[PDB]
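# Topology and contacts: notes
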Amino acid sequence: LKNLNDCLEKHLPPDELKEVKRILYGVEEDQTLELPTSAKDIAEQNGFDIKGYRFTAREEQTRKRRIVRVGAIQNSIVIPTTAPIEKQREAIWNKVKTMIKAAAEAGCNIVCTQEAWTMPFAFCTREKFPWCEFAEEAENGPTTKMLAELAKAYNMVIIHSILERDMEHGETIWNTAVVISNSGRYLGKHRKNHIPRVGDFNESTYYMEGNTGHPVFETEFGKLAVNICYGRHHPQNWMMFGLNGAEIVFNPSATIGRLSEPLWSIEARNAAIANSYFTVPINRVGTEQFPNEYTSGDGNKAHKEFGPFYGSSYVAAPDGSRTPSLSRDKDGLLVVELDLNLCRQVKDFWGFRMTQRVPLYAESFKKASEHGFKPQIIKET
Amino acid sequence: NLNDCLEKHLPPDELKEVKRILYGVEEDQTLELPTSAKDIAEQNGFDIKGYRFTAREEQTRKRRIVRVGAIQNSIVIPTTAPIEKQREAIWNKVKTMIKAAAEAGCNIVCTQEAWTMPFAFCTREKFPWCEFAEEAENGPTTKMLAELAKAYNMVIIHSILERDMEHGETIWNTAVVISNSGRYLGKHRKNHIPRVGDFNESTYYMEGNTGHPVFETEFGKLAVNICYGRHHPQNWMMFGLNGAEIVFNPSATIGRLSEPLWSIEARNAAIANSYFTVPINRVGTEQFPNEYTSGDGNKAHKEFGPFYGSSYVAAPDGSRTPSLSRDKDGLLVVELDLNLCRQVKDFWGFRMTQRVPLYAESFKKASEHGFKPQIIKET
Amino acid sequence: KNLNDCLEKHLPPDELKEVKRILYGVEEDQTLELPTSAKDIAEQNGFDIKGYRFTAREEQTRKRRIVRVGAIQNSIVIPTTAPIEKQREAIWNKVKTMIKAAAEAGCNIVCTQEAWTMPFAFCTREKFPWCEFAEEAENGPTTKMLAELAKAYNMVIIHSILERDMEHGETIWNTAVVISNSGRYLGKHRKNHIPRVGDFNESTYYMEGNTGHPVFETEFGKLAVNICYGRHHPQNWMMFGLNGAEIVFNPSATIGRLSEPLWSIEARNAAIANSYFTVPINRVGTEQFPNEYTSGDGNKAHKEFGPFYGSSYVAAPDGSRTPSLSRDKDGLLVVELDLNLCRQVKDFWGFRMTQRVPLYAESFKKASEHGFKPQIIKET
Amino acid sequence: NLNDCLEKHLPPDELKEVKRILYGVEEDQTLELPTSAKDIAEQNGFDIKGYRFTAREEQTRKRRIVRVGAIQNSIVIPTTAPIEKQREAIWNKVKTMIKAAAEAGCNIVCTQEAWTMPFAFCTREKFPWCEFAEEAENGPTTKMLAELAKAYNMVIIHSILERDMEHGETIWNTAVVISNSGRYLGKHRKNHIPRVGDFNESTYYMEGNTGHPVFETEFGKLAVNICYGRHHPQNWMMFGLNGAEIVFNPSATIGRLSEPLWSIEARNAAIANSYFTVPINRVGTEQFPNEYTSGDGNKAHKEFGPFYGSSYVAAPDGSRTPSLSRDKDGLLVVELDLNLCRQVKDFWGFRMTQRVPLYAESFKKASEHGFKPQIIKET
């Protein structure tokens, strides 16, 4: 398939379509956003999707509307995996550079990449060479330095995810999101909290669990957070970003395939409802093939191909509504404009945070983590 | 009913793919139901649908196959009638629904929230609605249900208004677990209490102090997450950490804003915690003696609803049962192998990567008075 | 519209002496003479000002600790259908001048009613625009503003507002804030007991307070605030007592027919029982809201809410009490007291000496447990 | 009688409002008393007044109407007379009062504190005052009263000095509940012991170790809060948490400082715990053989008093009965519906919001040696 939304509108009477969209997405028909004519042109020529949507809030008496625009960019790797790693990184750089420009002309304020956007998702091979040389410094690394310039020039916050080598702490590798301010200056980094070891995603071979905690970045365009890939699955992770005051939480990821796809429209969505903030799940696209054969921990014979990464990036709102997805197979830039005020508004109406009883759960979790833990199971007497 | 509508509008090969993304599988794993059970359903005018979840065959463990029956219904006689007559009409309706679940071979049967009464909390009147509250162990509904449990050899879980005698005659929102021996297993009180809109439940009862209990029955480790607690992922999480395998979600929700969240919340919980999830919801629209306002700008009214039914079951691997009807009484019978839980936990490894010690610490800090969020500013 | 004035208007002076003895604490009120200029402000702006005095016995080892408190009851000012900032500002300006009169009357501690900054909008159960009244505890406009009058008049100011907590998920709370006479923010305390009875749907807006039972050590005594519904829980008043309180203010907002006879009772007992001073303050007038609401009774929907019956007073540890202010007029109650009366009563009556708290600590633990079996004795 | 004074000086429409604020209602809900009862009271020269409290009609519960008789009296023969003759005189006076209560159709009758003796504790003499102390179960007063209980089919609660034989012949201040069957139900010992002024009760007995018992009689769950315990709201509260519906408060207080507290303390308890309260007080002034001092600066005297009577009943909804006389023997007969308890519990929800776990913990902390009060200072 290509885009579920397009499929549903190509097969259903308009009034039933209205209802199906009401239950699947948040609204009755898409709140489209009209995009600058010059931006659509960049996208058409370079052959990538550009779609615009709008979320709104109610008008407040003591607070002016806080309208902000985000650009989520999904892409594939560009030149064959058997080519100097520097050339690989540079091809992706130049593709995305043009996508960041379209986002800029579409008037975005925060732009964000997928997970390990800088490289083919090489962790399936479990080879250290030459794949580790993709790992750069978080602050002074080429990609950050480069990206920092487009940030200053377009006056927009850029969040991106790369392999990080930490020099000071024993040259160790980490999976890191870095937030670049609209001033051009490096704001900080956050390391992936939850590390996958399921199947082809042998990420536990390359780096340990993140020790950056759950930081929220206060930029001039909202309090932003990044929940990296597999951390998608841990609702207690999403929750902690919430407790630290996040308003948009980006979810850069990289997932194939049959079992993982139905979870896509569920996990990110729930987090947005539950913590009452915005959610931006971004996913890699295309399928990638590697030099030597590998096995995936199933019974299967060894192969070289990895994929297909199913794209389908979207944005989830705190009130339960959500943007249609982008393509499953085609590069794309998702531009969505939102009013940050909807966060507090929903928090006040549904009162999820008023009823969390976090002290109770902090105590119950501490008990459960202890050695002598005896579960609260009631048996028949 | 969404599943029926998608099959009535899409080419079979594309419907295969849309079902793959929306539900867990490419075409529903139907269960064939005993001929006599569909009969009772037919006659009494309620839906009966059967589905099957399966697990991989294990070397060291026999397949633990179990059958659950989720029962959604409406109230039955007008809200303006002796409260005992009201409870008894719903009693008799559901009595025969539990019988059809029995003949369909269920082992655990479960009700919606406050299944014994019109959801009268929208009026915020204490009279005569508080008289629906009974005792958890010796209350008429538990006593009566306890006999069907012994007779049909099945665990029955149900949700009622509870009056606690010993603790100052206070009211609570409680699910009661009745063992298939007939004997009362225990109760669990609603952890998270809503105050949004028409759902003025904070007016009738406090937050539950039963913790997060899991009941070891011979048909699995079961737990009940009541209604609004649906929205709290740390809630589902804790039943998980206590070793749950099927967590029922009895509920009662109307409306335009609440309906899109239905297919989302209970589903994720099943994926996240790697266990089974049984969300059940009341059906029909109910109308009350005197006018009330809903906390919106609008004028006072007497009608409340419509409750949108749509009960389903979610599996630990991400798959899910189609929903029942949005407006018709229904019995959902689904058979599952409880081994799918550990199997998924082993393959995805969600529980091995939870880092609960860190979250236990992080949440303690956050709940403290001097809490300074981890916000990074530009220097 | 005032019980003291009514009883003095209908009874022979010798019988009135005895009726006052049993209803209030004394035989004839111990009036306080108020500065000429303060009564002036009151007269002009159309609000009551009444002064009374409580005294203690003189001690050998301790100087008289004489202190003056000013309780301010008022109504909202401009119609509820108007920019919420305008509404708060009108009440601001009215009360500003009332705190001035309290200042010239020589008060040292001034205190407001409950949610004094807003129409008591909780009866409608609407979140918009009423939640925008909620401000920060320390940096909120009302605290900032009041903090200046505190520095300038050299007086401790206690007030009650809707609080939005930023750090903890922008949640709303019902908070009393104590501002020191230095001008600096001393701290806050959140309403321990939350009502859900009738039109008072406060459970819809905020959870139970997690601040415990704080007592503020100011240079004018150890003060505490027991907010509104917490009025009804004697174990509440008790705990402020155990924490060493000497004056416990009770900012409140209550209508009506069932609630009124309880007014003279609850706050009074607490003063007797814990052997400290009690300052119950209540909103005044009746307020009406944009759209119709129902009150959880059988009755039809309405717009009007009230009437709030004012009637603020002070209760003393020895059982005596000030007359109340008016039932429907703005008022400033100025009462001067010797804080030594507290320990003196404690030593004569010995209530704290005989509390047996260990035993109640134990009994209450048992009662809160799941397996609780009441101590009921049946016939054999 | 303050009530009589207020109706003798105020225009009826203002009186209606003053009554509304002071008592619970706008004009007294009088009860019409049997003709024969008023007669016994007339002839023996004691007051008999009847009032009525009502509840709302319930669907699932029949009205639980019950009648209580509170009896206030004075000592009757001079303190300088064989103690047995003294007790006997009071016996014979009250015996006829219990009879009037019986004909007025009372179901529960109750005495004041140490009803059996002049309140001799002011002298601090052990002789002959200690010989007034009898056994709880086998004591002459209990035995005799138990007969009238069987014969009139009414629960009798009374307060005496108790000598405990088994535990070292020690003296206690005890309320004894005698069932309407005639059989001894149990006893409860005064929890809080006064040492203020003339009330040197700590000289005669220690603190009660019977806890906070509630007696399940067929006319309600009853409790007795003795005298000084009237001042401890935590005491009242515990009887509430043990499920009481009527709590009697037998007392003996004089004086100028103590009287304004009378219409406050017992009243609050009833609103706070949402049950019925019956404070009873001794009447008249009593004179003793030898001079004593009262712990003030004053010279020694022989007279003690005056005890100010003024017994009444407090309802859970905030309403209350007028008082009896300040100086005259009296029987207060009041009929109430016990259902008003739960009804008000439901509406005001005091018990639902008590947060007992919190206060159980806070009180434990406070009682400990290392206790640092929660005092906030300026930084």
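Residues numbered from 1 in each chain as written, not as in the entry; some residues may be left out. Chains lettered and ligands numbered in written order. Part of a larger assembly, values for the part shown. Heavy atoms only, no water.

As stated in the entry header, the method of structure determination is X-ray crystallography and the reported resolution is 3.30 Å.

### With respect to the overall build of chain B
Within chain B one finds nine helices and 14 strands. By the compact-globule yardstick of 21 Å for 379 residues, chain B fits well, its C-alpha radius of gyration being 21 Å. Of all 379 residues assigned to chain B, the portion counted as buried reaches 68%. Restricting to contacts in chain B with at least 6 residues of sequence separation, those with at least 24 account for 70%. For chain B, the accessible surface area stands at approximately 12800 Å², while carbon and sulfur atoms represent 49% of it. Computed over 46 positive and 49 negative side-chain charges, the separation of the two mean positions in chain B equals 4 Å. (Helix = DSSP H or I, 4+ residues; strand = E, 2+ residues; numbered from the N terminus. Rg over C-alpha atoms; globule rule 2.2 N^0.38 Å. Buried < 20%, exposed > 50% of the residue type's maximum accessible area, 1.4 Å probe, protein only. Contact = heavy atoms within 4.5 Å. Areas by Shrake-Rupley, 256 points an atom, 1.4 Å probe, with all protein chains shown as cover. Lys, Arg positive; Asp, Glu negative; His and termini not counted. Charge placed at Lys NZ, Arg CZ, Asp CG, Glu CD.)

### Some points on the interface of chain B and chain A
Size of an interface, as often reported, equals the accessible area lost when the parts are brought together. Tallying the contact residues gives 84 residues for chain B and 85 residues for chain A. The interface formed by chain B and chain A includes four salt bridges. The closest approach of N and O atoms between A:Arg22 and B:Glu259, which form a salt bridge, is 3.0 Å. Applying the counting criterion to the chain B and chain A interface returns 41 residue pairs in polar contact. Counting only elements with at least two residues in the side of chain B that touches chain A, the list comes to α1 (2-7), α2 (12-22), β7 (214-217), α6 (233-241), α7 (262-273), α8 (340-348), α9 (356-367) and β14 (375-376) of chain B. (Salt bridge = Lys/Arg side-chain N within 4 Å of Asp/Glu carboxyl O. Polar contact = N/O pair within 3.5 Å; in protein donor to acceptor, adjacent residues only side chain to side chain.)

### Overview of the sheet that holds β14(B)
Strand order in the open sheet formed by five strands is β10(A)-β9(A)-β8(A)-β7(A)-β14(B), with mixed pairing between adjacent strands. The strands lining the two open edges of the sheet, one partner per strand, are β10 (278-283) of chain A together with β14 of chain B. Relative to strand β9 (residues 248-253) of chain A, strand β8 (residues 222-226) of chain A is paired through three bridges, and the arrangement is parallel. Its bridge partner being in β9(A), A:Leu224 is matched across the sheet by A:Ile248. Across the sheet, helix α6 (residues 235-243) of chain A touches β7 (216-219), β8, β9 and β10 of chain A, and the angle it forms with β9(A) is around 145 degrees. (Pairing = 2+ DSSP bridges. Axes fitted to C-alpha atoms, helices over the stretch in contact; angles between N-to-C directions.)

### Concerning the interface of chain C and chain D
Opposite the 85 residues of chain C that make contact, chain D presents 84 residues. Roughly 7800 Å² is buried in total at the junction of chain C and chain D, and carbon and sulfur atoms are behind 63% of that figure. The largest share of the area that chain C buries against chain D comes from C:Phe364, C:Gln375 and C:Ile377, three residues that together contribute 9% of it. In this structure, the salt-bridge partner of D:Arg20 is C:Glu260, at a minimum N-O distance of 3.2 Å. (Buried area = accessible area lost by both parts, 1.4 Å probe.)

### Describing a nonpolar patch on the surface
Together, A:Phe349, B:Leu257 and C:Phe128 make up a nonpolar patch on the protein surface, roughly 260 Å² of accessible area in all. Along the polypeptide, A:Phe349 turns up in helix α8 (residues 342-350). (Patch = residues over 30% accessible without salt bridge, like charges linked within 9 Å, V, L, I, M, F, W, Y side chains within 5 Å.)

### Some thoughts on the environment of B:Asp28
All names here are of chain B. Relative to the helices and strands, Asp28 is located in the loop between α2 and α3 (35-44). Residues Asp28 and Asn3, 25 residues apart in the sequence, show an inter-C-alpha distance of 9.9 Å. For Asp28, the residues in contact, after removing those within four places along its chain, are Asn3, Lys19, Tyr51 and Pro322.

### Side note on the packing of helix α4 (residues 83-103) of chain D against helix α5 (residues 140-152) of chain D
Residue and element names in this part refer to chain D. Packing of α4 against α5 brings their axes to within 11 Å, and their N-to-C directions diverge by 15 degrees. As the angle between them shows, α4 and α5 are arranged roughly parallel. Viewed along their axes, α4 and α5 form a crossing whose handedness is right-handed. Mapping the contact onto sequence places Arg87, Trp91, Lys95, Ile98, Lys99 and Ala102 in α4 and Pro140, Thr141, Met144, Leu145, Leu148 and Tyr152 in α5. (Parallel < 35°, antiparallel > 145°, perpendicular 65-115°, else oblique. Left-handed = near helix turned anticlockwise from the far one by under 90°.)

### Description of the packing of helix α7 (residues 264-275) of chain A against α7(B)
Axis separation between α7(A) and α7(B) bottoms out at 9 Å; the angle between their running directions is 115 degrees. One way to sum up the angle between α7(A) and α7(B) is to call them roughly perpendicular. The chirality of how α7(A) crosses α7(B) is left-handed. Across from A:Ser265, A:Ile266, A:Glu267, A:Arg269, A:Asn270 and A:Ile273 in α7(A), the residues of α7(B) making contact are B:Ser263, B:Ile264, B:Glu265, B:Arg267, B:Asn268 and B:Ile271. Of the residues in the contact of α7(A) with α7(B), the class split is four nonpolar, four polar and four charged. (Nonpolar A, V, L, I, M, F, W, Y, C, P; charged D, E, K, R; others polar.)

### Section: unusual backbone geometry
Cis rather than trans, the peptide bond between C:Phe128 and C:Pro129 has omega equal to 0 degrees. Mapped onto the fold, C:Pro129 is located in the loop between β3 (109-111) and α5 (141-153). Following C:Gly306, the chain continues into C:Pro307 via a peptide bond in cis, with omega recorded as 0 degrees. Position of C:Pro307 relative to the elements: it lies in strand β12 (residues 302-309). A positive phi angle, close to 65 degrees, is found at A:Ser312, a residue other than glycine. Inspection of the secondary structure assignment puts A:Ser312 in the loop between β12 (303-310) and β13 (332-339). Its relative accessible area of 9% is what places A:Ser312 among the buried residues. Unusually for a residue other than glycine, C:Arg125 sits at a positive phi of about 65 degrees.

### Structural notes on the packing of aromatic side chains
Counting across every chain of the model gives 68 aromatic pairs over all chains. Taking 5.0 Å as the distance between ring centres and 85 degrees as the angle between the ring planes, the aromatic pair formed by A:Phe121 and A:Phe123 counts as edge-to-face. Each member of the pair, A:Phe121 as well as A:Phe123, carries the same accessibility label: buried. By way of ring pairs, the aromatic residues B:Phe119, B:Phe121, B:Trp129, B:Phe132, B:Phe199, B:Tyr204, B:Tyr205, B:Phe288, B:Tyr292, B:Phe304 and B:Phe307 are connected into one cluster. Over the ring of C:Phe128 we find A:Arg58, and its NZ or CZ is 4.7 Å from the ring centre. Against the face of B:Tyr204 rests B:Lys126, its NZ or CZ located 4.9 Å from the ring centre. (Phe/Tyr/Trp six-rings, centres within 6.5 Å; stacked < 30°, edge-to-face > 60°. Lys NZ or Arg CZ within 6 Å of the ring centre and 35° of its normal.)

### A look at the sheet that holds strand β14 (residues 377-378) of chain A
Strand pairing in a sheet takes place through backbone hydrogen bonds and is either antiparallel or parallel in direction. The mixed open sheet is built from five strands, whose spatial order is β14(A)-β7(B)-β8(B)-β9(B)-β10(B). Whereas interior strands pair on both sides, the edge strands pair on one side only; in this sheet they are β14 of chain A together with β10 (276-281) of chain B. In this structure, strand β9 (residues 246-251) of chain B lies alongside β10(B), joined through six bridges in parallel fashion. Residue pairing in the sheet places B:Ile246 in a bridge with B:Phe276 of β10(B). α7(B) contacts β9 and β10 of chain B of the sheet and is inclined by roughly 155 degrees relative to β10(B).

### Quick word on the nonpolar core
Formed by 108 residues in total, the largest nonpolar core has its most connected members in C:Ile109, C:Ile247, C:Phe249, D:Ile108, D:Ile246 and D:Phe248. In terms of residue count, the dominant contributor to this core is helix α7 (residues 262-273) of chain D (six residues). With residues near it in sequence (within four places) discarded, C:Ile247 still touches C:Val69, C:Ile109, C:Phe220, C:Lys222, C:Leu223, C:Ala224, C:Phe277, C:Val279, C:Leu337 and C:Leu339. In this structure, A:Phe278, B:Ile246, B:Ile271 and B:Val278 belong to the second largest nonpolar core, which totals 95 residues. (Core = buried A, V, L, I, M, F, W, Y, C linked by side-chain atoms within 4.5 Å.)

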